[PDB]
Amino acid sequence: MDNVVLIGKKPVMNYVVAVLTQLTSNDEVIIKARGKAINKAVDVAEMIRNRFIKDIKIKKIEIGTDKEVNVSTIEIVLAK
């Protein structure tokens, strides 16, 4: 399995646990989200950083647009 966590409609805590799960086998985890879930992706990354793995570093943040309608995307890479 890869190291990506797709942030969608589930409650923030579910993704916080999914990110912790990925961080058990990887030193890097990629959080991706689109549209209104972008703010939840940031909440998730901030929670990991603030409360669980305080030494965690944000290796990369990239924004873009996906698809007859455009939708904003964010990708946040967390690294130990």
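A residue's number is simply how far along the shown sequence it sits, counting from 1.
Gap between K67 and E68: 4 to 9 deposited residues without coordinates. Higher mean CA temperature factor between 30 to 38 and 48 to 56: 48 to 56, per the PDB entry. For the pair 68 to 76 and 21 to 29, the mean B factor over Cα atoms is greater in 68 to 76. For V5, the recorded CA B-factor ranks within the lowest third of the chain. Only modelled residues enter the ranking.
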